[PDB]
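So the sequence shown is numbered by the entry's author numbering: it starts at 1 and just counts up by one.
By construction, the Cβ of each residue, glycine as well, lies at the ideal position given by its N, Cα and C atoms.
Remarks on the structure that follows.
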Amino acid sequence: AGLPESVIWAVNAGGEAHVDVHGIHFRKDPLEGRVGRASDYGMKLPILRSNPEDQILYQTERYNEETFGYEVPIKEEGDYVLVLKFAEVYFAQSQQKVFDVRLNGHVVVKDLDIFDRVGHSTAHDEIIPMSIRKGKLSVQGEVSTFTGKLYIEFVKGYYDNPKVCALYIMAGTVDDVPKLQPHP
Ligand SMILES: OC[C@H]1O[C@H](O[C@@H]2[C@@H](O)[C@@H](O)O[C@H](CO)[C@H]2O)[C@H](O)[C@@H](O)[C@@H]1O
């Protein structure tokens with residue numbers, strides 16, 4: 001299946017519906033008024049590296065002072081890729097905001113420091129392949145029982161607050177995923 005048809009689930013965190021230049025529909029945030037805090041602070045800033053028609057994805061966020069996450073229903077077995085989109089719109093030094101990302105308890109991004117990787121007011125994406133087969137979730141060489149639901153968690157550590165800007169899941173493998181331009 002082509003790109004839009006292969007997307008099963010997609011969210012614009014802290015924001016409203018938006019269709020990107022590839023035809024992907026990022027839905028309005030399902031956690032509005034429920035878990036965490038929305039912020040549109042970045043809407044005053046140009047976002048580097050991103051396509052300019054799609055900056056609104058990175059200008060809006062959900063963050064929290066305690067651990068929080070999204071629950072995702074998955075209806076069929078197969079190969080999938082999770083894409084997570086971030087930007088740092090407040091700090092401009094390393095070791096100011098740092099946090100882990102977990103999937104069904106497996107640590108899939110350790111010590112994420114958005115500023116250290118890309119700078120201030122600049123797009124950064126994490127790309128995570130996975131497989132769901134024979135009643136099991138497989139990610140980064142680890143395996144556990146799958147019940148029908150994925151839980152995507154942003155973990156509170158010692159350095160400021162965990163956050164996310166947008167996220168989607170597509171059927172396929174990593175060679176099918178659009179990549180951000182080389183940044184440095
Ligand atoms: O919405 C802007 C950012 O809010 C939070 O950061 C806080 C900042 O607004 C200010 O109050 O300073 C404190 C540090 O003392 C920051 O924690 C979010 O954590 C951040 O992700 C937002 O971009």
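Going by DSSP, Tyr159 is part of no alpha helix (DSSP H) but of the beta strand (DSSP E) stretching over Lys149 to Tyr159. With fewer than 16 other Cβ atoms inside 10 Å of its own Cβ, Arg133 counts as exposed. Within the DSSP secondary-structure output, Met130 pairs in a beta bridge with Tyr80. Taking the Cα positions, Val89 is about 30 Å away from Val139. For secondary structure counted as the beta strand (DSSP E) over 3 or more consecutive residues, the region 56-123 holds these complete runs in sequence order: 61-63, 68-73, 78-86, 98-103 and 106-112. The region 164-179 and the region 50-63 touch, with no fewer than 3 CB-CB distances between them shorter than 8 Å. With contacts defined by Cβ atoms closer than 9 Å, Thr67 and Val155 form a contacting pair. With fewer than three CB-CB distances shorter than 8 Å, the region 96-109 does not count as touching the region 29-44. The region 109-117 makes contact with the region 84-99, as at least three CB pairs between them are under 8 Å. When secondary structure is reduced to three states using DSSP, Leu45 falls in the coil class, being assigned neither helix nor strand. If you look at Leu31, you'll find it isn't in any beta strand (DSSP E); DSSP assigns it neither H nor E.
When distances are taken from the beta-carbon of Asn161 to the heavy atoms of ligand 1, the shortest one is below 8 Å. By the Cβ-count criterion, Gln181 is exposed, with fewer than 16 other Cβ atoms from all chains shown falling within 10 Å of its own Cβ. In the same chain as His124, and ignoring 5 residues on each side of it, the C-beta atoms closer than 6 Å to its own belong to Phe86, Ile114, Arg117 and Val118, in chain order.
Here the region 68-78 does not lie against the region 47-56, with fewer than 3 beta-carbon pairs under 8 Å apart. Taking 9 Å as the cut-off, the beta carbon of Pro4 is found no closer than this to the beta carbon of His18.
In the three-state DSSP reduction, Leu137 falls in the strand class (E or B).
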